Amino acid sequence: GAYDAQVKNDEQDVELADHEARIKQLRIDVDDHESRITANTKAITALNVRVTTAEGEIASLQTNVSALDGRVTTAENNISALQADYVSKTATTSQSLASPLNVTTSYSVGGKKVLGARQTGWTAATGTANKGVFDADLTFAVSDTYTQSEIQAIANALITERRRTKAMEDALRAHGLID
């Protein structure tokens, strides 16, 4: 019917123009997606680098924290041991040592010197030591005339006195106050 071909060609041109416009817009979108996907991949790659670095610093930190925890626990136990075992300057309850003690120069009680270096130059007394009955209020009769028994009593008490002096000397030497 003569006219269809012009109508058909015209409408095909309309559809061709529509397709042309749609391809252009698709091309615009895909070209812009290209940039965006390229950018996203680059950022993801960069993100993996810093996270990998972070992972490398975390496991190292965890190692150090575990090592530190071990050294504090040891220190805490050494401190506990020292606290139970050390001699205090400020404690008021009597403190006792399981060992001998040596110090320089002096021992003191209440700020006054009571004990010091061993005193030397002694020649040790000989004979009997008297640690028995001793009456320092023992007195003596003295007559107007010579009495043997009265002189004997004086001599006897002089002997018990000298033997008491030796006994005391023995105690100082055995302690070590004198040589």
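One rule holds for the numbers: they count along the sequence shown, beginning at 1.
In this entry, 118-126 shows the higher mean Cα temperature factor of the pair 118-126 and 31-39. Per-stretch averaging of Cα B factors for 132-140 and 55-63 places 55-63 on top. Note on 46, 68, 26, 154: the highest value goes to 68, judged by CA B factor as recorded. Each of 170, 161, 10, 18 has a CA temperature factor in the record; the biggest one is found at 10. Ranked against the other modelled residues of its chain, the C-alpha B-factor of residue 177 as given in the entry falls in the middle third.
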